[PDB]
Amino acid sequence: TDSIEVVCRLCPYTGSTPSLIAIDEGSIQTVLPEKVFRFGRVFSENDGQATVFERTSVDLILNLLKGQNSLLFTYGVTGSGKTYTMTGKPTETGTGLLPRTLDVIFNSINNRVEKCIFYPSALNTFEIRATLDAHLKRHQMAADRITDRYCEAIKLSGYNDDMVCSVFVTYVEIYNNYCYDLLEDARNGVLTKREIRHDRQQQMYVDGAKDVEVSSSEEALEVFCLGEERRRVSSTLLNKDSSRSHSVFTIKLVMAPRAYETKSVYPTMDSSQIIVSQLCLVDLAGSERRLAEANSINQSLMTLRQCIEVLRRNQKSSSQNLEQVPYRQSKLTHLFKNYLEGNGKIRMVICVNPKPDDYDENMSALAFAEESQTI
């Protein structure tokens, strides 16, 4: 089955004294400047972005097309390649998981409709306008609302051509046990704290977070960059590092049965027929991390560790006699309650720096390993 997988990626290191070395392409050995860790896959400095992306994201996108949910974390110290893995630089050798994922999603879906047909509604739902109403909304929206960049050409199969679809993104930040919508229409010049809660389907969501409709990989990246502008607003109004907070970018594939007897591509009007699947990409705060800020980060990452360990034991246990996931011990873990209770697919990418300076911090990062062996 599709249990949680943890993979590890070494960043480039031009030194003679490494704190860890890759062995089996699925194993890593500790090196004092005494433990061996086993992962589902180990990437070396030679493994480029394209290799990571296919091994890390293609099966999650295939999940998305199947109407199932997926969750991907990047974990590690600052300067570990965590942001490089996730986003990188918009070049052929530099682009990370997120833009390639957006590219492949938009390459692989069919029957993508125009905007304002689907639209977000109360309590984490979507409704459906009639076409002429949506048409004016588009021209109402267009009153509101230069990338030379590498683009992934990969097209995956598996989209349900009996479904019509639209793509919505939410971009959310968890900083100091408070949750913020980086896509909020901020009026006061301050981001509003947001509540993490469930809907009637028991699915977690951010109450007042904005679901932004995007028609292309390009448009989705424009929205992502807008969120990055908000993400850089520190408490002291300086530049806040991505290591200081958790960033949650959720790609939603909103689907509905295609309507017959029309020359257009349009859903059936019954909104209860809507199916929504998620691919959620999370760029965790740096594991090395303003005192309450660092305590929230270590509390949340420690809760995450405990939760995936409970998740692993539950995946081997029976229907009864399975143990509670302590997901309420942090805001971050609460937001992914469904995944940590075994719904959907979770993949964690442990980014580690082989430099001997990051030795002790790699010991905590490699503790996420599926299993461990001692010298």
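One rule holds for the numbers: they count along the sequence shown, beginning at 1.
K.L.:
For the stretch from residue 145 to residue 146, please bin the deposited residues that the model skips: none, 1 to 3, 4 to 9, or 10 or more.
P.N.:
Missing in between: 4 to 9 residues.
K.L.:
From residue 289 on to residue 290, does the model leave out none, 1 to 3, 4 to 9, or 10 or more residues of the deposited sequence?
P.N.:
According to the record, 4 to 9 deposited residues lack coordinates from residue 289 to residue 290.
K.L.:
If you take the mean CA temperature factor per stretch, which one wins between 178 to 186 and 134 to 142?
P.N.:
According to the PDB entry, the answer is 134 to 142.
K.L.:
Which is higher in the entry, the mean Cα B factor of 50 to 58 or that of 24 to 32?
P.N.:
Looking at the recorded C-alpha B-factors, 24 to 32 comes out higher on average.
K.L.:
For the CA B factor values reported in this entry, which option in 212, 294, 206, 98 has the top one?
P.N.:
Comparing C-alpha B-factors across 212, 294, 206, 98, the top value belongs to 294.
K.L.:
Name the third of the chain's ranked CA B-factors that contains residue 241, choosing lowest, middle or highest.
P.N.:
Residue 241: CA B-factor falls in the highest third of its chain.
K.L.:
Lowest, middle or highest third: which one holds residue 330 when the chain's residues are ordered by CA B-factor from the entry?
P.N.:
Its C-alpha B-factor belongs to the middle third of this chain's values.
K.L.:
Once the chain's modelled residues are ordered by C-alpha B factor and cut into thirds, is residue 223 in the lowest, middle or highest one?
P.N.:
Answer is middle: the recorded C-alpha B-factor places it there.
K.L.:
Ordered by C-alpha B-factor within the chain, which third holds residue 125? Give me lowest, middle or highest, please.
P.N.:
Lowest third of the chain for residue 125's C-alpha B-factor.
K.L.:
Using the B-factors in the PDB entry, rank residue 337's C-alpha atom against the chain and give the third, lowest, middle or highest.
P.N.:
Middle third by C-alpha B-factor.
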